[PDB]
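*Asks:* Pasting a structure here, questions to come.
No value in this document is a laboratory result; all are computed from the given coordinates. Here the Cβ positions follow ideal geometry from the backbone for every residue, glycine too, while neighbour counts run over all protein chains shown.
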Amino acid sequence: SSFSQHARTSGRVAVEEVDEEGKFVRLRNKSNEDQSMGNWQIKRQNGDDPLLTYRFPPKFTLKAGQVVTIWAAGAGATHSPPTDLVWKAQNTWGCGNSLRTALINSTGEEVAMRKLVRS
Amino acid sequence: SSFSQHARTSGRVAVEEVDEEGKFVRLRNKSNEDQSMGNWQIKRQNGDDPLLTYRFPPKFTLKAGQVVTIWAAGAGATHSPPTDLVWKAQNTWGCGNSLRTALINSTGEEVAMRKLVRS
Amino acid sequence: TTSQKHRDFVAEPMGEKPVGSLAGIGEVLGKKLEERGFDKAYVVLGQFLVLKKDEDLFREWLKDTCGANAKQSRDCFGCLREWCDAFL
Amino acid sequence: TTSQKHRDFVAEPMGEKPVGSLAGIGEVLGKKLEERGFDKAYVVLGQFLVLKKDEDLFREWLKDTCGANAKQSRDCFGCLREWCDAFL
Amino acid sequence: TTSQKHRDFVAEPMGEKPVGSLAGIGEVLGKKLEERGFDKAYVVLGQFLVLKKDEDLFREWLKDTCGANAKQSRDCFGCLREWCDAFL
Amino acid sequence: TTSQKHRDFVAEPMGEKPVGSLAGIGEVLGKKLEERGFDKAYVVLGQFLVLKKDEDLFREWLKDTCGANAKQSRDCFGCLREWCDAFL
């Protein structure tokens, strides 16, 4: 895939998948409890490209074992909360040899991370 | 020609032409849409010879009706992407009574095939 | 040597070709087989697969099912064998 | 939804895969099918063509031919249907 | 490009992995390093950080501390540097 | 128990923070540590791992390296140990 994936997670949600073309960002509640992601922020850095910040709704909770996929505007998906959210404000999550998606909670702290690195 | 040709293709790119001398492999995006072949592979079998696998760049696109011809090193051609690529890593695509070529996508799946069979 | 329609059939996967697309299959015998239930080439080949590619068994069964001679039965057997070698 | 072995069969032409290579087929089921004479995947696919891709017919026939349960029959039928859709 | 051992070490934080977990560091070289006192991978990394992540310093020190060739020392430095990039 | 600077440092990965980012470390102490060669927090934590997370060793080393008192050395050891336990 030419993109080494480097992840680190300190909470109940880990970065399940990051789209290499920037269509979506996919997260999973890999724990056995629902995680409230209300007001949480997703900060997407694409190499040297400007950080892309997506903020969750103030009352948003990810059920345990489920998948939340924040699609971009160009992804064309339909919002289906809490399973599918469409970031129509951002055309794409971005591309580049350094695709890092860090999950930032409502307290402004990184709890999950995933980095795509290409030589 | 004594080299019976048998083709099967289920995608937008079909195996346009096979060089019996192994100088090139010629393919065409037989559809009316641009076909992205990033990280795609070409698995070439020449009778009992070991399989030859050429890999496309991480992002590669063959537009509608366009022809991408993967040249061998011994062909001596100059790569003209995305129309002409010269697989300098391989001297020749091979020869033999059983020449079969399969196109492999980025997901490692065969969608197009053409085999040359000689008595 | 080989019939042109046979070469055309063998060159490509049968896909959804009717039984009539099979080599040596005209309107008469093809309609006979369709009334027998063999409306498509691939069901006929599946029967050929079940018949384990035996020339005698398949051709005799075909003669009993529509009435082909050794000529047309031989043509169809060769075409099916070559298609199987090409795509199976 | 799909097993890895199912995708393995689907991702490539069957060629000369043994009957056990079919999805949902254990050694016992494949052994029984070989006993019936269905000793290879292509024979089973030929029967499926004769069965004309009927899920109920194919699964019932497989259950009668090797005792395949609902799970095994469903897996085998899905694998065969997907292979046919991809290649046939 | 990268050894699978290297990728596995890079993908996750080292935690308390032994020095043998380092890419290109097997039983013999890791055992020698543990004998030298760098009994743990993070001790070796602290040595690497003290060397200010220097490739030449770390690789030559590893070669003189266990006997690794250019290949094994280079793999070890690459693993440590890539892990530092990923997490540090 | 813990200073606000400690909370800020521990709550996030250190990355490339200067040594002054550590809690209870004044500009004088951080400047001295940078002069000694530990110009970043990551080199300081590498030394901390070289000390194998020893409280007495780390505090004495900090006291002898930047003149850190009992309070400052204790705070720095606690910060580094908590960061290691959280991320390492």
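*Asks:* Could you grab me the full set of residues in the stretch F:9-22 that are surrounded by fewer than 20 Cβ atoms within 10 Å (Cβ to Cβ) and away from chain A (no Cβ under 14 Å)?
*Replies:* Within the stretch F:9-22, F:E16, F:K17, F:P18, F:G20, F:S21 qualify.
*Asks:* So which residues in the stretch B:60-119 are touching a residue at least 40 places away in the same chain (Cβ under 8 Å) and hydroxyl-bearing (S, T, Y)?
*Replies:* Selection gives B:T69, B:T92, B:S98, B:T101, B:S106, B:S119.
*Asks:* Continuing with this model, one more query. Please enumerate the residues belonging to the stretch A:1-19 that are part of a loop (DSSP other than H, G, I, E, B), more than 14 Å from chain E (Cβ to nearest Cβ) and surrounded by fewer than 20 Cβ atoms within 10 Å (Cβ to Cβ).
*Replies:* Listed by number, the residues that qualify are A:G11, A:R12.
*Asks:* Now for a different question. Any idea which of (1) part of a strand (DSSP E or B); (2) over 28 Å from C:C79 (Cβ atoms); (3) of a type in the set (K, R) is the one B:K59 doesn't satisfy?
*Replies:* Tallying (1) part of a strand (DSSP E or B); (2) over 28 Å from C:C79 (Cβ atoms); (3) of a type in the set (K, R), B:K59 fails exactly one: (1).
*Asks:* Scan the stretch A:51-108 for residues that are over 14 Å from the mean Cα position of the chain (by Cα), surrounded by 15 or more Cβ atoms within 10 Å (Cβ to Cβ) and on the phi > 0 side of the Ramachandran plot and jot them down.
*Replies:* Hit for the stretch A:51-108 is A:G96, nothing else.
*Asks:* Take the stretch B:40-55 and flag every residue that is in contact with a strand residue (DSSP E or B) (Cβ under 7 Å, 6 or more places away or on another chain) and either of a type in the set (D, E) or assigned to a loop (DSSP other than H, G, I, E, B) (or both).
*Replies:* B:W40, B:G47, B:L51
*Asks:* Sticking with this structure for a sec: Just for helices (runs of 4 or more DSSP H) wholly inside the stretch E:26-88: which have at least 1 residues that are in contact (Cβ under 8 Å) with a residue 60 or more places away in the chain and within 14 Å of chain F (Cβ to nearest Cβ)?
*Replies:* Answer list for the stretch E:26-88: E:70-86.
*Asks:* Determine which single condition E:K31 fails, assuming it passes every other condition in (1) loosely packed, with under 15 Cβ neighbours inside 10 Å; (2) more than 28 Å from A:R114 (Cα to Cα).
*Replies:* Here E:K31 clears every test but (1).
Conditions (1) farther than 30 Å from B:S119 by Cβ; (2) buried (at least 19 other Cβ atoms within 10 Å of the Cβ), marked per residue:
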| position | (1), (2) |
| --- | --- |
| C:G37 | yes, no |
| C:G46 | no, yes |
| C:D56 | no, no |
| C:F77 | no, yes |
| C:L80 | no, yes |
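*Asks:* On to the next question. Scanning the stretch A:63-119 for residues that are outside any loop (DSSP other than H, G, I, E, B) and of a type in the set (S, T, Y), which turns out nearest to A:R8 (Cα to Cα)?
*Replies:* Step by step, filter the stretch A:63-119, then rank; the result is A:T101.
*Asks:* Now, a different point. Kindly provide the set of residues from the stretch A:68-113 that are charged (D, E, K, R), away from chain F (no Cβ under 14 Å) and closer than 21 Å to A:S31 by Cβ, ordered by number.
*Replies:* A:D84, the sole residue that qualifies.
*Asks:* Tell me which residues, restricted to the stretch F:1-22, are in contact with a helix residue (DSSP H, G or I) (Cβ under 7 Å, 6 or more places away or on another chain) and assigned to a helix (DSSP H, G or I).
*Replies:* Across the stretch F:1-22, the qualifying residues are F:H6, F:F9, F:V10, F:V19, F:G20, F:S21.
*Asks:* Tell me, which residue of the stretch A:20-47 that is surrounded by fewer than 20 Cβ atoms within 10 Å (Cβ to Cβ) and of a type in the set (G, A, S) is farthest from E:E12 (Cα to Cα)?
*Replies:* A:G38
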